[PDB]
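Protein chains in written order, with the authors' numbering: chain A, 302 to 343, 352 to 722; chain B, 304 to 343, 354 to 721.
Some notes on the structure that comes next.
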Amino acid sequence: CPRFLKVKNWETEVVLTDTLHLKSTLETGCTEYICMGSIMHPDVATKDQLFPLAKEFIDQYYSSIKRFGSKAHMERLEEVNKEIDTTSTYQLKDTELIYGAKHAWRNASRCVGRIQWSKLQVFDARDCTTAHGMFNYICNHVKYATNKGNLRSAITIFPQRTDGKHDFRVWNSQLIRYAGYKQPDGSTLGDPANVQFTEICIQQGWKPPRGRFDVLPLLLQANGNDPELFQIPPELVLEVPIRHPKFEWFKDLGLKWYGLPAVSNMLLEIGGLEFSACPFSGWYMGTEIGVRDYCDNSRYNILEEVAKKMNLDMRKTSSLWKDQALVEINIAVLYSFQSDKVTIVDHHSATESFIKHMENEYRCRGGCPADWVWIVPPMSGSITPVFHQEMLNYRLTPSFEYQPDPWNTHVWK
Amino acid sequence: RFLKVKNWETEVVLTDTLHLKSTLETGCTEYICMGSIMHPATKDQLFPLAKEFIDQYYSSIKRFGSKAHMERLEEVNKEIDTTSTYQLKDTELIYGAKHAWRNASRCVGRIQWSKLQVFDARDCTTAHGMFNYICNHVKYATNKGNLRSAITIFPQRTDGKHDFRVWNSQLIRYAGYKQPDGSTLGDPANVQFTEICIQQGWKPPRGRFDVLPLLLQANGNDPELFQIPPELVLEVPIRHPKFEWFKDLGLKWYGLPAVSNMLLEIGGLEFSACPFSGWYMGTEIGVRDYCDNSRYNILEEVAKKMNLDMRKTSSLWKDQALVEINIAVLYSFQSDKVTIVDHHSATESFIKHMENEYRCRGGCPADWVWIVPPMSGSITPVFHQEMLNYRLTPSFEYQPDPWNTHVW
Ligand code: HEM
Ligand code: HEM
Ligand SMILES: N#Cc1cccc(CNCCc2ccnc(-n3ccnc3)n2)c1
Ligand SMILES: N#Cc1cccc(CNCCc2ccnc(-n3ccnc3)n2)c1
Ligand SMILES: C[C@H](O)[C@H](O)[C@H]1CNc2nc(N)[nH]c(=O)c2N1
Ligand SMILES: C[C@H](O)[C@H](O)[C@H]1CNc2nc(N)[nH]c(=O)c2N1
Ligand SMILES: [Zn+2]
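This is the structure in structure tokens:
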């Protein structure tokens, strides 16, 4: 593998040099002869597998704090080693855990919000033992992160996996999402993406209101046990009704969204330890709601109804009626969040900050992995600077990983 | 191994077997993906390349291992042996050029791949010859507005000292001028080329849309200037179906998109001069040509005339202005009966083409980064389509700008 890889920005002519890729730990899916960069997805670890993984991370941690080679460093290496030998695992110090989560975010190729990576509140919930305990921690996370509209990024880390038969898991894919109900007639009420999960919740005992925007309950699994339902207190679920600065009729659509974007199905890997339940949250880029949640055909799919209210010619596609509605919807989303003083960032500002962040990373770290396919916003791509930016993709560790949906693996008791 | 690709909207799963056929690299490795990087002979090298191509040619016409296939292999071997190169049959040239289009990972218009007018210009010897051939191409392809896809193929490379080259990156483009006050008149992407034209004798009109002359190099010789006769150059005045003030922007574009700077590789032969042309997807003009900061950069002007609040980025004024520009471009071309496809229609056709390719060919190489339109990405179906990228031959490759190689 080559020592220096250059990427270029095609609108500013800036060239950056990447050395960090040499520290790549995992496979990307690509080979010499095929590229899988647009493919969405291209039992525990033995003692022997864990030893070098742990050392790798510990070395890296003591390297970050400018104590590489120190007594404290060597002592820590030895402590971790004995712990692995005697217990087949080890426990992270609170300092290491914090470093590891911040760096898993820093290494997330697909997150455009990474300029903020070092400002992350880490709630250590490794003492949790029950689903009620998980609910408590989760509620505290939500309230802290929401902060009455002034969102602050955060992660709550439940205990690491042990034997695989005692995982903690948040079954929800996000802490806050709306239900989706399939009708006997084929139509979907609510969010079609969440139909399967809503069916599971209803089966577990949830009494559904059956509306368009029903906040799903939390489904919480502690210590490998069956999961349990909890309704998040409504006063902790900040929501924004969507209106438009020009079109008075826009509020008549009755749209709203939740303020807090919180991913809860990913797995946090630090030094070979797997934290299978690690809900994290930041704040929204407008396009996530205005383009994807609202306009994807398999989601809320409102383009037709908005365009109809805009009295647009909808016969030919070459009128770009879809395109026109899309912009107005995204204008509305940004306008509504800013009006109710809930943090949100537009795709222009976010991508511009990411370019600045990426350049700084190259300067100070010798690189910054990024996934162009995810980093480029799903509307008006080329009018943002990331589009013109060459990016290298590669997986560093600590990292956030995907994991199977828990209903597919859970052994019911 | 067989690879699945999934559409996340429709949930359709195609199975790729075609990728197993490729030998050329893509630039990625197992640990690093370079999917967004713009750019990641001898007798001995030449025959296996020749044999490969001839084999897939006789296979595509169900005459594999036939007498004709055998004699042809013999013919090509003897010819490489005694001349260090070899010449393609007419049939092979056509098959080869259509398949270079078909294999073009980055081209969204490939549903049309087998409708390609191939112009064999291999008898060419001079730049005057080149200009004649190109004018015929332009006139045929333009077809009064009912565009027809074409490629013109000039003599293959020999020793590298005798390349045929179209110095222009496209047959039809607009000049670009560095103003004394630091700004750029016309197309900034062509400032250098324009200067090379001016240095060479071209008297520039110094306007915002001056069709550049052709600069043609034949047989490794100094390039020569030629003006395409204006009556062969179809141009569209851009206007808007609601905004009457839009024509007052004075914007115009040319109807014929013709890439002239690439290299067509067939059976290990290199055709350094092979201008090809299709028709426009609207975004190429409306999004990239008109709205890139490094290009015509009109967003500010347009949003001005739309009286938009331009103080904050979160007003999405850029996005608004963008949609209108692209509406205007489509409306204009359509009003002039000049062929053009919008990004919804085109991407739809591409999904259909992918499905076709998977059925009959076991796959379709594709560059998601290039296939997804540079506006309204996820409201087009290609955004939700997993694409596998790999390099098949025959192929269109990039090559150096000739003013970095040529000695005078
Ligand atoms: C602070 C404001 C943040 C912004 C503006 C932001 C922005 C984004 C966006 C737009 C996506 C694309 C999601 C999609 O299209 O499905 C994303 C993905 C992601 N972000 Fe963030 N993010 C933020 C905070 C965070 C934090 C705090 C973390 C972790 C500690 C994080 C880690 C990730 C990861 C791991 C993904 C990939 C998710 C997946 O693959 O499904 N982000 N981010
Ligand atoms: C028939 C109508 C066609 C349409 C609508 C179409 C569409 C497109 C578009 C939108 C691009 C992206 C250009 C860019 O963003 O720089 C592209 C690239 C390309 N097309 Fe086409 N195309 C057509 C015909 C053709 C033909 C006839 C050929 C060859 C015989 C061809 C070969 C290519 C190649 C090699 C590229 C890559 C260009 C590069 O790498 O710079 N296309 N096509
Ligand atoms: N696997 C998978 C998979 C495929 C498509 C979309 C997905 C969602 N990924 C995260 C989406 C999402 C939602 C809310 N918030 C955030 N978020 C919050 C902070 N950073 C991102 N991200 C997962
Ligand atoms: N090198 C290089 C390089 C990098 C990015 C874009 C580029 C231009 N690509 C072609 C643009 C263009 C122009 C006119 N016509 C067409 N066109 C027509 C049919 N297919 C493409 N394409 C070159
Ligand atoms: C097929 C393709 O990879 C898929 O649709 C991707 C494209 N890029 C994306 N980019 C972001 N940010 N989020 C997504 O969900 C996707 N989906
Ligand atoms: C850096 C990045 O690869 C570059 O900006 C690409 C992105 N995708 C593109 N897609 C198309 N169709 N045409 C282009 O010129 C580009 N440019
Ligand atoms: Zn790749």
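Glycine residues also receive a C-beta, built at the ideal position from the N, C-alpha and C atoms.
The beta carbon of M443/A sits closer than 6 angstroms to those of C437, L529 and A531, all from its chain and outside the five residues before and after it, given in chain order. For the pair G338/A and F696/A, the Cα-to-Cα distance works out to about 15 angstroms. In the three-state reduction of the DSSP assignment, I509/A falls in the helix class, which pools H, G and I. Only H322, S325, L327, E328, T329, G330, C331, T332, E333, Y334, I335, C336, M337, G338 and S339 from the segment 317 to 339 of chain A bring a Cβ to less than 8 angstroms from some Cβ of chain B. Residue range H656 to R674 is occupied by the alpha helix (DSSP H) that includes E670/B.
Across the structure, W426/B and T395/B are spaced so that their CA atoms are roughly 35 angstroms apart. Straight-line spacing of the CA atoms in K491/A and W515/A works out to 16 angstroms. With contacts defined as CB atoms closer than 8 angstroms, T332/A and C331/B qualify as a contacting pair.
Within the segment 623 to 636 of chain A, contact with chain B at the beta-carbon level (separation under 8 angstroms) is assigned to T626, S627, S628, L629, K631, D632, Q633, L635 and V636. The C-beta distance from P501/A to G489/A rounds to 5 angstroms, short enough to meet the 8 angstroms contact threshold.
Between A463/B and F506/B, the C-beta gap is not smaller than 8 angstroms, which leaves the two residues out of contact. Per DSSP, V549/B lies in no alpha helix (DSSP H); the unbroken beta strand (DSSP E) holding it starts and ends at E548 to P550. With distances taken between CA atoms, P570/B lies nearest to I653/B out of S373/B, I653/B and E384/B.
Of the other Cβ atoms in all chains shown, 16 or more fall within 10 Å of the Cβ of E637/B; this residue is therefore buried. With distances taken between CA atoms, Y609/B lies nearest to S496/B out of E388/B, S496/B and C510/B. The Cβ-Cβ distance between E544/A and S708/A does not fall below 8 angstroms. The Cβ-Cβ distance between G595/A and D655/A falls below 8 angstroms.
With a threshold of 7 angstroms, the Cβ atom of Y711/B does not count as near ligand 3, since no heavy atom of the ligand is closer than that. By alpha-carbon distance to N481/A, the top candidate from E661/A, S585/A and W311/A is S585/A.
Per the CB criterion, closer than 6 angstroms to any heavy atom of ligand 6, the qualifying residues run in chain order as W311/A, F696/A, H697/A, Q698/A, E699/A, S339/B, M341/B, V682/B and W683/B. Taken through DSSP and simplified to helix, strand or coil, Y399/B comes out as coil.
The closest heavy atom of ligand 2 lies 7 angstroms or more from the beta carbon of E405/B.
The C-alpha of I684/B is placed about 44 angstroms away from the C-alpha of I374/A.
Segment contact: the segment 306 to 319 of chain A against the segment 359 to 378 of chain A, fewer than three CB-CB distances shorter than 8 angstroms; contact not assigned. Bridge pairing for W566/A: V549/A [DSSP].
Counting along the chain, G442/A sits inside the alpha helix (DSSP H) bounded by residues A440 to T455. What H657/B touches in chain A, judged by beta-carbon distance under 9 angstroms, is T626, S627, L629, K631 and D632, going in chain order. For the segment 698 to 716 of chain A, the residues whose beta carbon sits under 7 angstroms from a beta carbon of chain B are, in order, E699, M700, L701, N702 and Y703. Taking CB atoms only, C302/A has a neighbour in chain B less than 8 angstroms away. Counting only Cβ-Cβ distances below 7 angstroms, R601/A has contacts in chain B at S691, in chain order. For a cut-off of 8 angstroms, the C-beta gap from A641/B to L612/B is around 13 angstroms, too long to register as a contact.
In the DSSP assignment, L635/A falls within the unbroken alpha helix (DSSP H) covering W630 to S648. Contact between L582/B and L401/B holds: their C-beta atoms lie close to 7 angstroms from each other, under 8 angstroms. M575/B has its CB nearer than 7 angstroms to a heavy atom of ligand 2.
Secondary structure remark: continuous alpha helix (DSSP H) runs of at least 4 residues inside the segment 463 to 544 of chain A, in chain order: 504 to 513.
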